[PDB]
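The next block holds one structure in the form of structure tokens; read it before the comments.
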Amino acid sequence: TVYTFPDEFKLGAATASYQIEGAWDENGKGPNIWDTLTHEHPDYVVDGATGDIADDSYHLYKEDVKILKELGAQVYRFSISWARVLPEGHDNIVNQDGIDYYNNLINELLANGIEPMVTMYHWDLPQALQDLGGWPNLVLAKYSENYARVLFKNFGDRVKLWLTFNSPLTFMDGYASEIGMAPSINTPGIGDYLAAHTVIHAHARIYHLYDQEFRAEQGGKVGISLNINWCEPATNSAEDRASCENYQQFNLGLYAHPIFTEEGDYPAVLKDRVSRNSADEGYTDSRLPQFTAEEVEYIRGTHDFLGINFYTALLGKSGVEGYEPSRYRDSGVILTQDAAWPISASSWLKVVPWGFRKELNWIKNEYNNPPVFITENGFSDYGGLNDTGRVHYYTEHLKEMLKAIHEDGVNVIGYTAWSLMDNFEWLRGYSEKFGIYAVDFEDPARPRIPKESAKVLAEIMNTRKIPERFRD
Ligand SMILES: OC[C@H]1O[C@@H](O[C@H]2[C@H](O)[C@@H](O)[C@H](O)O[C@@H]2CO)[C@H](O)[C@@H](O)[C@@H]1O
Ligand SMILES: [Cl-]
Ligand code: NA
């Protein structure tokens, strides 16, 4: 039983728009912050790579559905490119070509018995909105509402699963370095917190919008996808345990405390540590933005499920390090990784499958067992079809998740593997491979071909169990 998926559990795979679509300026699409980064700052990206073509999924979406059907995916999670739909960011102009494209993908999926799951924002902000300051500027909350309305109106008759934002803990860091993630702004400890504040407001506006304008007719569900690493105490001390709790609150709780708790607001430890640090460093005002009581009430409860993006673990010990000001410094933990853990092609990603089970339990206890949909989980290598490391990564993580479900009572309701295919890996370009399908980026046809991991995942999806040969 511990090796069998619940009957209603949904299995599939996932992608993101900039990572796969290409057609970056085709048929009216406007520029986004990733177009800007890869065009203006190729020195920030391995090989000077761009997403101009990527997997060419704008043209090849039927091939994506074909491989999803082969895989036996029940669900496909993909994102919508804001600037493909609203080229100016604001809702004054709707690009029919973008409407047609996503309709064509949705219809193709449904005709092949695959459910669409749509992420509204996976990091590709229209440049016109970044030029107002981007996420640190609260005006973007209403702009996000208006974007979401166009999506609900056009697609919500057929799309019943939505995520507002993907991994805002990661994308907020685009406001914490001059050479980092788009838009590559150096405001650590100040602008990144403002970005988070706006995103939380935006998410809440989108959820209320669904309630007010769409839910009764459409009957779908709206969540948010949060990334989080497990943080294991470096030793069993109370002090090291405290540092790991700090980590969870500063990374997951930053977003999840305002939305998923009865109390709402940011975690107390976040408010208190930033307040103290700001005062000590001479600021009149805390660097952490504040919610009013009315905003706290508006934001709390804005969820039908929790999306989780899980990859890895860190070790945490008591202490403070990092630059002043920064979120890492404010968090009051010293982070390392254990040399013994298996590696990947990504410096940040080590294989720690039991950390997945620990994280799922932490979430269950902190948020009163919300329905959890694993929206990303996956592994990098440098290439190859005989991807034994990736096969092991998936079979172990899925076993740990199934223990969380069956042994620990965690309400996990679905899982989409990251990623369906090798794609543009952000600042790493095409150098790191996360796909279960390989893609030849030197071949203009961008053929997708199954790796061993795709064959193993198909077997899991078909049999609805972990095969015997992968069991402990
Ligand atoms: O692009 C791969 C994957 O990255 C995720 O972010 C990583 C980040 O790169 C790393 O520095 C940090 O320690 O861990 C996070 C994951 O928690 C991002 O969240 C994913 O959405 C993305 O697909
Ligand atoms: Cl066997
Ligand atoms: Na419209």
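Coordinate-derived values only; no laboratory data. Virtual Cβ from ideal backbone geometry, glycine too; neighbours counted across all protein chains shown.
Computed about the Cα centre, the dipole magnitude for region 227-288 is approximately 100 debye when only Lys and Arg (+1) and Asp and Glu (-1) carry charge, each at its Cβ.
Phi-derived couplings, Karplus 6.51 cos²θ - 1.76 cosθ + 1.60 at θ = phi - 60°, listed residue by residue for region 199-205: 4, 4, 4, 4, 3, 5, 4 Hz, with x used for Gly and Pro. Computed over neighbours whose Cβ is under 9 Å from that of residue 431, the net charge equals -1, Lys and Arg +1, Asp and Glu -1.
3J(HN,Hα) couplings calculated from phi for region 444-458 with the Karplus curve 6.51 cos²θ - 1.76 cosθ + 1.60 (θ = phi - 60°) are, in sequence order, x, 7, 6, x, 9, 10, x, 7, 3, 4, 4, 5, 5, 5, 4 Hz; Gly and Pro show x. For region 275-337, taking the reciprocal of the average inverse distance between every pair of different Cα atoms yields a Kirkwood hydrodynamic radius of 15.0 Å.
Pair-distance distribution of region 352-472: all C-alpha pairs, bin width 5 Å, starting at 0; shares per bin in whole percent are 2, 11, 20, 21, 18, 13, 10, 5, 2, 0. Using C-alpha pairs under 8 Å with a sequence gap of at least 6, the mean separation divided by the residue count of the chain gives a relative contact order of 17 percent.
What you get for region 51-151, charging only the Cβ of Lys and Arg (+1) and of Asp and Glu (-1), is a dipole of about 320 debye around the Cα centre. Along its principal axes, region 1-91 has C-alpha extents of 53, 33, 23 angstrom, given from the largest down. For the chain, the residue among 445, 182, 135 whose Cα projects farthest onto the positive side of the dipole built from Cβ charges is 445.
Could you tell me which residue out of 270, 247, 4 lies farthest along the dipole of the chain toward its positive end? Charges go on the beta carbon: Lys and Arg +1, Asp and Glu -1, centred on the Cα centre. Checked the options; the winner is 4.
The Cα-based radius of gyration of region 234-273, divided by its Kirkwood radius, gives an Rg/Rh of 1.05.
Here is the list for region 367-472: chymotrypsin sites (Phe, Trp or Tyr not before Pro) lying in DSSP coil, each with at most 10 other C-beta atoms within 10 angstrom of its C-beta, are 382. Checking the cross-link pairs 153/403; 62/451; 317/465 against a 28 Å limit on the alpha carbon distance flags 153/403; 317/465 as lying beyond it.
With the charge dipole of the chain set up from +1 on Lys and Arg Cβ and -1 on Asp and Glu Cβ about the Cα centre, the Cα lying farthest toward the positive end among the listed residues 93, 328, 167 is that of 167.
Volume per residue for the chain equals 140 cubic angstrom (convex hull of Cα atoms).
Rounded to the nearest 500, the helix-only mean residue ellipticity at 222 nm of the chain stands at -12000 deg cm²/dmol, with each DSSP H run of n ≥ 4 adding -39,500 (n - 2.57). Here region 45-194 yields Rg over Rh of 0.99, to two decimals, using C-alpha coordinates and the Kirkwood radius. Do any of 66/160; 10/364; 10/271 go past 29 Å between their Cα atoms, and which? Beyond 29 Å between Cα atoms: 10/271. Electrostatic tally near residue 18: other residues with Cβ closer than 12 Å to its Cβ, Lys and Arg +1, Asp and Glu -1, net -4. Listed by chain and number, the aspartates and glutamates placed with their C-alpha closer than 12 angstrom to that of residue 399 are 407, 468, 472; residues fewer than eight positions away on the same chain are left out. A Cβ-based charge dipole, computed about the Cα centre of the chain with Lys and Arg at +1 and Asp and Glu at -1, lands at about 1200 debye. Counting only residues at least eight positions apart within a chain, or on another chain, the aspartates and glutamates with an alpha carbon under 14 Å from that of residue 455 are 70, 387.
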